[PDB]
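Enquirer: Structure provided below as structure tokens; questions to follow.
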Amino acid sequence: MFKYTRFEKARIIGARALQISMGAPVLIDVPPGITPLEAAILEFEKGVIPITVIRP
Amino acid sequence: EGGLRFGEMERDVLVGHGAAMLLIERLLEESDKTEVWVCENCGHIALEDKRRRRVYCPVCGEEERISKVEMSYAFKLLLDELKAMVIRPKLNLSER
Amino acid sequence: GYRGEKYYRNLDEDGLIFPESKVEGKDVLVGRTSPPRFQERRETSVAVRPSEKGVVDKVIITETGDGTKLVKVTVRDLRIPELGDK
Amino acid sequence: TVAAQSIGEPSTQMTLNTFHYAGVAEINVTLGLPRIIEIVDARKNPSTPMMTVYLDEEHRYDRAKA
Amino acid sequence: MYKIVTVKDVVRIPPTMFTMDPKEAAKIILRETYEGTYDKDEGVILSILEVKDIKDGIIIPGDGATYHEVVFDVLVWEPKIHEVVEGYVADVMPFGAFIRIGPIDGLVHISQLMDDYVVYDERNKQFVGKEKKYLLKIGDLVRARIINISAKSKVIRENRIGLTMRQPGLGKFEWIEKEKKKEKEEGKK
Amino acid sequence: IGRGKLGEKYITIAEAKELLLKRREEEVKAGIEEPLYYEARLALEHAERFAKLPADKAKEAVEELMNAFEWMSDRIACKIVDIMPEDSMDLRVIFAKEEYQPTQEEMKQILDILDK
Amino acid sequence: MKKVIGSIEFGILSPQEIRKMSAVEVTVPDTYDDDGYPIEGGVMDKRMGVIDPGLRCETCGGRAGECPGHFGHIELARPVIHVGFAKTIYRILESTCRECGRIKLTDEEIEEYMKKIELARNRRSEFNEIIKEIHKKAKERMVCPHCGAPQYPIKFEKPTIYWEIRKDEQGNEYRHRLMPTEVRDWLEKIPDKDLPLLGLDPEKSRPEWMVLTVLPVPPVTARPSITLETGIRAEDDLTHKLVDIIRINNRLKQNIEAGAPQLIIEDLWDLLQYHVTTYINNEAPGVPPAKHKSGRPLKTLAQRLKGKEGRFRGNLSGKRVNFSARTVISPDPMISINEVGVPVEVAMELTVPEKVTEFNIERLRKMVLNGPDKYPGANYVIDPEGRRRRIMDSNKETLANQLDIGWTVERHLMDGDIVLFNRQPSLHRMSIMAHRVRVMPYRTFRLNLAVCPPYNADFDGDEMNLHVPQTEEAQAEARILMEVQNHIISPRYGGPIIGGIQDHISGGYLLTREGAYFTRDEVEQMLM
Amino acid sequence: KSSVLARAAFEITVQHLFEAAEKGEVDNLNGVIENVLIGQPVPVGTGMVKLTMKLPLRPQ
Ligand SMILES: [Mg+2]
Ligand SMILES: [Zn+2]
Ligand SMILES: [Zn+2]
Ligand SMILES: [Zn+2]
């Protein structure tokens, strides 16, 4: 997006990790044995993010 | 087998970092989880009936609207202690 | 309140631990049952502290001032220096 | 919270007991922790009220006029 | 009595259904929650027909699922007092006949059955006619006014409906035919 | 029902028998053991007990009842279409269901429309 | 589908609300019977709840934990004055009139005060200033504007005593001792239109309610009883105070019914008022604190809330926490600055719940197979239904096979996990940071030496606490916001804080000093 | 501070509680301390971020 503050990045990664843990599929191939959180960081770094942030 | 103390200073530190959900997890989630029903016009703690399988307001006599709210055991006890005196805390409910 | 069978494993039939036996934590040293008065019997044994360990050194049987029984047990533990010792 | 901690953490470092000696050409003033506490609590009158009077264009360069 | 209403609400879509279209998942969830339940102010919720449109989702902290506000319509059988209901009678019981008034079954008291002295069968167990020998059969429908609405809880089977039969224009179709014949005789004379 | 009410529509039981049939076909093609869930086939029997009125023609009778006279509400037309009060005394009976009893020439035109 | 508390409106209670709220009237001044079995109508009545195992309450039933506790009530024989509202009662009495109960204010003054009080009513300080001005103007008056009656001056005593100087012969103005009954009659006649001028709303604060008629009894869970060594069942001080109130007001009712000389009735009234005063506030000024058997003042409701160890602070603000450990710290320069050496023993105890997904089924299955005694293992397994099982050598293989998508495994700590590392006291923000885990054999936390200046720690016996977040959002916040390398620059002065100390600087000087030269082997060895 | 609970937590709890009861004040819970007491997210840092997402996620 335009620019992601620290809090917004943390929130997005946390939400994606929770969704992945609860059963959501991963849209990026990942190495075996990774925790859901690190899968979320890999997904964010790849740039594919499905969660947008609402600004006032 | 006691637990370590997470005092007020640690609370201010965690606020300063800006980690709200971490604060929630360290404070409430792992200690004193609670659920409470409250009527939507008095705010008094609604009294559930295990015999009749129906929640109701004893003070208010209400059953049309009763909601279930998560809270801490300490806060529930503080409300009870305030009601021990003549202090009446009226709870206004809202939906997220 | 009867804990695991392995906890009372080195007590003699009188209810006292054998000297020079090995304890490792939560192990019963003196087996004692209290009356159910707050057809049962409450378990009120005296056990090692949960995080400690050692060997039983001596067991003393005395008659206290009131005329009842009193038992004192000491557990010794070897402490070789390690990381963190001051 | 960051500002409060930034003001409070160094507070464990200043000497609550200052020099307490004006010496020569000076006036003793509360320093360190007590001065900061007095400033923050906004006491109606400070412990050592000391003023600073800068001279006008005249009498400034002249010691006698000073 | 059958009626359809349009209601807005918010639906919690679990992450497991994140790969299907929002409308179908919302329909499934709504079918799960708002169905087979009697509303105190509306009646018995029967079926979600279709969700008109779905908005975006909100990630509430601590949950991980998306909450979408939605508008949809549902058909509901709504009881109302003082109305005629043409239901299948059944399960006649020495205090009241049980009329299948829809998803819920309604009760017709033994006294309400007939203007004549209160009568109900014991061996045959449907209806003994003391004076007018007007009989009711389980396989026969009757039309009856309402005297009371029982609105107890969300569940349906707890509640009931009180229907009267004494009032004119209501009865077994045979009794209705007899009353119509009497009216024709009176109007021809 | 949840927050917010956005209107209502009063529909004849013959206007929902086909909706129940849609549920019927949907669930059987879905392979569900029950053709439709509880409290629904019990309503289906009631629907089919007087399902003889065509749904589309039922709605035509409704709209003719609206355009016939202005004191008409779709629930009233619904019940008249359901029960066919071809007898005048019966129509007085439904008139008693209403708060007031209007002109009986209007009942003549309800008899006219009921012949659809 | 859950709701949240959006706002709270504080108000004063009412006797009718007390009567409706309570489920039992406690008349018997007894706590317990033989072999338990609480006395019906006693201070430990099962109607208010159940605390001990094996019994059910009556209002809601269920186990001791299931019962939330329910309120009782005690109907006092004669009204008494609440301690907290004593000063407010005094101000109201010395401001309002005695006959009509109206404020001693003129109509136009009332109008102008109405206009200004609503204007900018948000700020509390100006509101209190207006209240004080109105109180002073009301007090300065002598004759009530509405009725020509002499408002005699009223005096207040610290232990909630009011004795106004009622008119005496020759205008001596004898100090008639006011009783709570006549004060109640005074307050009830006050109208509601001018209530806002007195700083009181007409809905949740009625001046009549300010004087007690029936007081509630805290639930049994709120007043727990702890069994002593010999099963004394030593209850909370609240229970003892309640027993005292019940006995005193019982005897007061008896002597009221008997119609004894009213002097004894007044004495019992004073005793009951003092007892209620101690119950509401044991430290209230002007009364002797009620000590226990060993000469210790009882900790009543007022002291329970206040204090460092009181309810408000130290109990909701801070509390003991789960999933935490504490041990001494030893240096280790061979790990990265964002890592902490964790003893293998701590890792076996602290756990991180992990949900079984497609990409980590193999590792979780293997670690479940490892059991709870080998290091890379697990302790508990949570099935999708919700019930929690414990890993044991008898059911290791079966549990490992039953593992599938949706299950939860409480695994041991692993390398790369994120934890919270804290040192007390926590002066600034950097006192808590997030380090990655690296398991080590011995029994002390290992911390990189360049990270000492933030924690302000020295390896001379210091101890530090470690916290393990359990939820995914908490882990993400710890990983993104509180990583060690993110806090190299201090927020106090904008300069570095995590830098070299001591040997780092000295060795740098030794290495880059003039005349220093190194051979081939030294160069290769130090570079490697 | 407008919040009653925030002031009570700091100092002089009982007097502030009784004064608020007399005045019938309302606490809107817009601070850190009250939200901490009730166990709801504080309105700073990550507690102020609002997120939305499109449901029809395509795994790709
Ligand atoms: Mg040190
Ligand atoms: Zn209520
Ligand atoms: Zn209970
Ligand atoms: Zn007057």
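Protein chains in written order, with the UniProt record's numbering: chain A, 1 to 56; chain B, 1021 to 1116; chain C, 779 to 816, 828 to 875; chain D, 68 to 133; chain E, 1 to 189; chain F, 2 to 117; chain G, 4 to 531; chain H, 332 to 391.
C-beta atoms are modelled at their ideal positions from N, C-alpha and C, and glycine is treated no differently.
(1) Which of the three DSSP states is assigned to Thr242(G) in this structure?
(2) Does the distance from the CB of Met67(F) to the CB of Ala78(F) come in under 8 angstroms?
(3) For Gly1063(B), which of helix, strand or coil comes out of DSSP?
(4) Report whether the distance from the Cβ of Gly65(G) to the nearest heavy atom of ligand 3 is below 7 angstroms.
(5) Which residue wins for smallest C-alpha separation from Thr360(G), given the options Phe44(A), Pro36(A), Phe7(A)?
(6) State buried or exposed for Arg187(G), treating a residue as buried only when at least 16 other CB atoms are found within 10 Å of its CB.
(7) With hydrogens ignored, establish whether the beta-carbon of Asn1061(B) is closer than 7 angstroms to any heavy atom of ligand 2.
(8) Could you name the residues of the same chain whose beta carbon sits closer than 6 angstroms to that of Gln276(G), not counting the 5 residues immediately before and after it, in chain order?
(9) Going by DSSP, what residues sit across from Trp1057(B) in a beta bridge?
(10) Please report the distance separating the alpha-carbon of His68(E) from that of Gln427(G).
(11) Report whether the distance from the Cβ of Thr91(G) to the nearest heavy atom of ligand 3 is below 7 angstroms.
(12) Kindly list, in the order they appear in chain B, the residues whose Cβ is closer than 7 angstroms to that of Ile60(E).
(13) To which residues does DSSP link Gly43(E) through a beta bridge?
(14) Please check if any C-beta of chain H sits within less than 8 angstroms of the C-beta of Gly87(G).
(15) Could I get the ranges of all uninterrupted alpha helix (DSSP H) runs contained in the segment 103 to 164 of chain G, with 4 residues as the minimum, in chain order?
(16) Would you please state the rounded distance, in angstroms, between the beta carbons of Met1029(B) and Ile369(H)? I believe it to be under 8 angstroms.
(17) What span of residues does the beta strand (DSSP E) with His109(E) cover, start to end?
(18) Once you ignore the five residues that flank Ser834(C) on each side, which residues in its own chain have a CB closer than 7 angstroms to its CB?
(19) Suppose the cutoff is 6 angstroms on Cβ atoms and the five residues either side in sequence are ignored; what does the same chain contact list for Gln488(G) look like?
(20) So within the segment 204 to 291 of chain G, which uninterrupted alpha helix (DSSP H) runs reach at least 4 residues, ignoring any that extend past its ends?
(21) Under the rule that 16 or more other beta-carbon atoms within 10 Å means buried, what is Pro1078(B), buried or exposed?
(22) Residues around ligand 1, please: the ones whose beta-carbon is closer than 5 angstroms to some heavy atom of it, in chain order.
(23) Does ligand 2 have even one heavy atom less than 7 angstroms from the beta-carbon of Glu20(G)?
(24) Is the beta carbon of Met443(G) closer than 8 angstroms to that of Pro346(G)?
(25) For chain B, is any of its Cβ atoms less than 8 angstroms away from the one on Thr377(H)?
(26) Would the segment 37 to 45 of chain E count as touching the segment 145 to 162 of chain E if we require 3 or more Cβ pairs under 8 angstroms?
(27) So, does the segment 159 to 169 of chain G touch the segment 293 to 302 of chain G, judging by three or more C-beta pairs under 8 angstroms?
(28) Tell me the residue span of the beta strand (DSSP E) that contains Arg1031(B).
(29) By the DSSP assignment, the beta strand (DSSP E) with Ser10(G) in it spans what residues?
(30) With a Cβ-Cβ cutoff of 8 angstroms, do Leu141(E) and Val89(E) count as a contact?
(31) Taking the continuous alpha helix (DSSP H) assigned at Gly14(A), which residues delimit it?
(32) Could you check which residue in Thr242(G), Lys107(G), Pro499(G), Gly498(G) has the C-alpha nearest to that of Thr224(G)?
(33) Where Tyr785(C) and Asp524(G) are concerned, what is the direct C-alpha to C-alpha distance, given to the nearest angstrom?
(34) Threshold first: 4 residues or longer. Then list the alpha helix (DSSP H) segments lying entirely within the segment 52 to 78 of chain F, N to C.
(35) So with CB distances below 8 angstroms, who are the chain H contacts of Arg1031(B)?
(36) Would you identify the three-state DSSP class for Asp29(A), choosing helix, strand or coil?
Expert: The structure says:
(1) helix
(2) yes
(3) coil
(4) yes
(5) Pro36(A)
(6) buried
(7) yes
(8) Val83
(9) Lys1088(B)
(10) 45 angstroms
(11) no
(12) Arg1116
(13) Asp39(E)
(14) yes
(15) 110 to 121, 127 to 143
(16) The Cβ separation is near 21 angstroms, so there is no contact.
(17) 105 to 109
(18) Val806, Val808, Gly809, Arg810
(19) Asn341
(20) 240 to 261, 265 to 283
(21) buried
(22) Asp461(G), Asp463(G), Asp465(G)
(23) no
(24) yes
(25) yes
(26) yes
(27) no
(28) Careful: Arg1031(B) lies outside any beta strand (DSSP E), inside the alpha helix (DSSP H) at 1028 to 1037.
(29) 6 to 15
(30) yes
(31) 6 to 22
(32) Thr242(G)
(33) 59 angstroms
(34) 56 to 69
(35) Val367
(36) coil
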